[PDB]
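*Asks:* Residue numbers (the authors' numbering), protein chains in the order written: chain B, 89 to 385; chain A, 89 to 385.
There are 2 protein chains.
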Amino acid sequence: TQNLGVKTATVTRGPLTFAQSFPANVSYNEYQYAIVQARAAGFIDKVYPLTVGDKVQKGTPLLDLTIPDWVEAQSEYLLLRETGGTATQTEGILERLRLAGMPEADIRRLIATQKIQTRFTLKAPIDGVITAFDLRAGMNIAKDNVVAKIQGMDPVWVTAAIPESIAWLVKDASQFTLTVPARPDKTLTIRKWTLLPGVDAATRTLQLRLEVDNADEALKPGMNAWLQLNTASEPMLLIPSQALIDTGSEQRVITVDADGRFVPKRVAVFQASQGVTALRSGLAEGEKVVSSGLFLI
Amino acid sequence: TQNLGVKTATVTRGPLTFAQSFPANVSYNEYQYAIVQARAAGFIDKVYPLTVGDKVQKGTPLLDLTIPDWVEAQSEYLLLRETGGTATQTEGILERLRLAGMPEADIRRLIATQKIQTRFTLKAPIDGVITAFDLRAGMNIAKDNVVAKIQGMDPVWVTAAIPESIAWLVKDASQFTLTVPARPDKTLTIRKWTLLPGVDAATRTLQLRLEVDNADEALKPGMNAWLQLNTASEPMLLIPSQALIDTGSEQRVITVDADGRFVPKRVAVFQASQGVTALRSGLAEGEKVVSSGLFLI
């Protein structure tokens, strides 16, 4: 006939990629917590417009506390400077003050204006969301006490339930595709990942935590999430799923001899996945085949 | 480190074994059957006490049928024998009656007793169990119609569903273990397995046709059966679970220097299952570790 009209593809060896989807729940990191504690004893004042679940940044305000004890050993210092004292013990008294817990900032103000450092406003360390707070103005804070607990949310924590038999198969965070029913437009980025070895006696499941990048504050613990995972398979003979044809107990395809000529070739399919099929027996690597051809008998 | 009463085990490279469990349907094998089809057309007599689900032995009864068209061809043949009929033409018609559909030893009973053969009871081939066999007393058959068929129990067919992702991991049927709720048999030997490359779009599960040796007769299609599978994993550094210790970020064990002396080595467990654990990074093959006992500090 000589009326050819074809597009081709070439046999290769490689794995099959297996799609599989799992349920994940957004979560807050137990490393991204802060505990605002108080070095030394004192008494509260002010308190600020923080209710118990707001959002603070690098803790700008939080509460002012007066502290006795301190002022006494800052004053006895003011005389020593006023009385030609050893520039070693004046700074020595400051070192024992830094030990007590004095902010180097108010120390720097004591050296300048000399006006004694009365009470100071303590500020929260991280950005985040207040988890537990309370307190009222005019309490005595013991030693180091918890004045506040904060929760960061710059990283987030989706955790899928994985079969243990498939865990050793993971490897690279590029098989992870993360997607959420809610707020869908955002493209989640899996900054890290890890496999908390604790196996779910409930069936045989591993926990697969993924640190997701939360910088649009558009992720809330409890949201529904879908982990579109991917896997491989010991390398097999890959032909473009399209190029294969079956009629029943018989399954084969077209071979190309670089001569533009065709020929029947019986193959034995292993299985198919995502776009291609892999043969148990049949052809051989390099061999050519046709994925988009068209002709009659 | 000064106590005797300690046991020990050594780090050894190897794979983990993940046992699983799937639901298997029992089934009759499509190949171990026997169709009792009738050549030519005709009409039924007798039909015997078979009911459509009974036990037979080389189908020694079944049903009788008679044929109008056949008795005619033989008759004229008989007149050749009586008159002057060429030796080769009398056969010419016996050759046209064999292919017509006549049983041989029915034709050899024609030539033997010169009697028009008209009624042939037809037996069923195999020892088995009747599937399909309703029709009775005086009906019309044709071409090669099916008057009956039979099933065998020498092989039985449990077919568990497997996920495509774990499929390529199968191999060797020694990682198979079949079990039954009803009639927990001594043991049920797996004589041959086979993975049908058909992906059930319903789910992503491949069929795992499993041929069960049933020389006995204790299996029946429709029953429920459990198939427990034994997967593995690319090798890792294996230690006895007992031999590992950690309750926080500390996460490791004890090394033995053959001197009977010890040392803390910080490891990182990949995952575990069964009764052993696979290290990510920590120890080195051959390195010894303690699996029991203790000592003071």
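Heads up, the beta-carbon is just placed ideally off N, CA and C, and yes, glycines get one too.
Compare the beta carbon distance of residue 307 of chain A and residue 294 of chain A with 9 Å and say whether it is the shorter of the two.
*Replies:* Contact: no.
*Asks:* To the nearest angstrom, how far is the alpha carbon of residue 180 of chain B from that of residue 213 of chain B?
*Replies:* Their backbone Cα atoms lie some 28 Å apart in a straight line.
*Asks:* Tell me the DSSP bridge mates of residue 366 of chain B?
*Replies:* For residue 366 of chain B, which the question treats as bridged, DSSP gives the partners B/326, B/359.
*Asks:* Going by CA-CA distance only, name the one from A/339, A/164, A/115 that's closest to residue 245 of chain A.
*Replies:* When each option's Cα is compared against that of residue 245 of chain A, the closest is A/115.
*Asks:* Cβ of residue 366 of chain A within 9 Å of Cβ of residue 326 of chain A?
*Replies:* Yes, Cβ-Cβ distance for residue 366 of chain A and residue 326 of chain A is below 9 Å.
*Asks:* Secondary structure at residue 180 of chain B, three-state DSSP: helix, strand or coil?
*Replies:* In this structure, residue 180 of chain B counts as helix in the three-state DSSP scheme.
*Asks:* Check for me: the beta strand (DSSP E) holding residue 200 of chain A runs from which residue to which?
*Replies:* First-last for residue 200 of chain A: 198-201, but that is the alpha helix (DSSP H), not the beta strand (DSSP E).
*Asks:* Across which residues does DSSP place residue 119 of chain A in a beta bridge pair?
*Replies:* Partner(s): none; residue 119 of chain A has no beta bridge.
*Asks:* When the Cβ atoms of the region 321-336 of chain B are set against those of the region 262-280 of chain A, are three or more pairs found closer than 8 Å?
*Replies:* Output reads no: the region 262-280 of chain A does not touch the region 321-336 of chain B.
*Asks:* Report all residues from its chain with a CB closer than 7 Å to the CB of residue 352 of chain B; omit the five preceding and five following residues, and keep chain order.
*Replies:* Counting only Cβ-Cβ distances below 7 Å, and skipping sequence neighbours, we find 340.
*Asks:* Mark residue 313 of chain B as exposed unless 16 or more other C-beta atoms lie within 10 angstroms of its C-beta, in which case mark it buried.
*Replies:* Residue 313 of chain B should be labelled buried.
*Asks:* Is any beta-carbon of chain A found at less than 9 Å from that of residue 337 of chain B?
*Replies:* With 9 Å as the cut-off, residue 337 of chain B does not count as an interface residue toward chain A.
*Asks:* Verify the CB distance criterion: does residue 267 of chain A have a CB-CB separation below 9 Å to chain B?
*Replies:* Output row for residue 267 of chain A: interface = no.
*Asks:* Given residue 202 of chain B, which residues of its chain have a CB within under 8 Å of its CB, disregarding the five upstream and five downstream residues?
*Replies:* Only 166, 169 meet the Cβ criterion.
*Asks:* Confirm, please, whether the CB-CB distance from residue 344 of chain B to residue 96 of chain B is below 9 Å.
*Replies:* A contact, by the Cβ cut-off of 9 Å.
*Asks:* Hey, could you find the ends of the beta strand (DSSP E) residue 156 of chain A is sitting in?
*Replies:* Careful: residue 156 of chain A lies outside any beta strand (DSSP E), inside the alpha helix (DSSP H) at 156-170.
*Asks:* If the cut-off is 9 Å on Cβ atoms, which residues from the region 368-380 of chain B count as contacting chain A, listed in chain order?
*Replies:* Result list: 368.
*Asks:* Please report the residue range of the alpha helix (DSSP H) in which residue 253 of chain A lies.
*Replies:* It spans 252-255 - the alpha helix (DSSP H) in which residue 253 of chain A sits, taken as one unbroken run.
*Asks:* For a contact meaning CB atoms closer than 9 Å, what does residue 264 of chain B contact in chain A?
*Replies:* Correct list: empty, because the minimum Cβ distance to chain A is about 15 Å.
*Asks:* Label residue 383 of chain A either buried or exposed according to how many other C-beta atoms from any shown protein chain fall within 10 Å of its C-beta, with 16 as the threshold for buried.
*Replies:* By the 10 Å Cβ count, residue 383 of chain A comes out exposed.
*Asks:* Name the chain B residues whose beta carbon is nearer than 7 Å to that of residue 322 of chain A?
*Replies:* Within 7 Å Cβ-Cβ: 256.
*Asks:* Within 9 Å of any Cβ in chain B, is that where the Cβ of residue 292 of chain A sits?
*Replies:* So, interface residue.
*Asks:* I need the straight-line Cα distance from residue 225 of chain A to residue 147 of chain A, nearest angstrom please.
*Replies:* The alpha-carbon atoms of residue 225 of chain A and residue 147 of chain A are separated by roughly 18 Å.
*Asks:* Leaving out five residues on either side along the sequence, give the residues of the same chain with a beta carbon under 6 Å from the beta carbon of residue 229 of chain B.
*Replies:* For residue 229 of chain B, where only same-chain residues beyond five positions count, the Cβ hits under 6 Å are 126, 130.
*Asks:* Within 10 angstroms of the Cβ of residue 291 of chain A, are there 16 or more other Cβ atoms? Answer buried if so, exposed if not.
*Replies:* Burial call: exposed.
*Asks:* So residue 301 of chain A and residue 277 of chain A are in contact, right, with Cβ under 8 Å, and what is the actual spacing, rounded?
*Replies:* Contact holds; Cβ gap of about 5 Å.
*Asks:* Which one or two residues does DSSP pair with residue 124 of chain A in a beta bridge?
*Replies:* Note: residue 124 of chain A sits in no beta bridge, so no partner.
*Asks:* Would you mind giving the Cβ-Cβ distance between residue 377 of chain A and residue 99 of chain A, rounded to the nearest angstrom? I have them listed as a contact below 8 Å.
*Replies:* With a Cβ gap of about 6 Å, residue 377 of chain A and residue 99 of chain A count as contacting.
*Asks:* Hey, residue 159 of chain A and residue 218 of chain A: beta-carbon distance below 9 Å or not?
*Replies:* No, the pair does not count as a contact, with Cβ atoms beyond the cut-off.
*Asks:* Among residues of its own chain, excluding the 5 on either side of residue 136 of chain B, which ones have a beta-carbon nearer than 7 Å to its beta-carbon?
*Replies:* Only 149, 150, 151 meet the Cβ criterion.
*Asks:* Could you pull out every residue in the same chain whose Cβ sits closer than 7 Å to the Cβ of residue 269 of chain A, ignoring the five residues on either side in sequence?
*Replies:* Answer for residue 269 of chain A: 312, listed in chain order.
*Asks:* Suppose contacts are defined by Cβ-Cβ distances below 9 Å. Is residue 124 of chain B in contact with residue 287 of chain B by that definition?
*Replies:* Cβ atoms of residue 124 of chain B and residue 287 of chain B: not closer than 9 Å.
*Asks:* What are the partner residues of residue 218 of chain B, as DSSP defines its beta bridges?
*Replies:* In the DSSP output, where bridge partners are listed per residue, residue 218 of chain B has B/238.
*Asks:* Please identify, using Cβ separations under 7 Å, the residues of the region 91-120 of chain B that lie next to chain A, in order along the chain.
*Replies:* Listed in sequence order: 106, 108.
*Asks:* When Cβ atoms are compared, which residues of the region 226-253 of chain A fall closer than 9 Å to chain B?
*Replies:* Listed in sequence order: 251, 252, 253.
*Asks:* So, residue 112 of chain B versus residue 298 of chain B, is the Cβ gap smaller than 9 Å?
*Replies:* Yes. Within cutoff.
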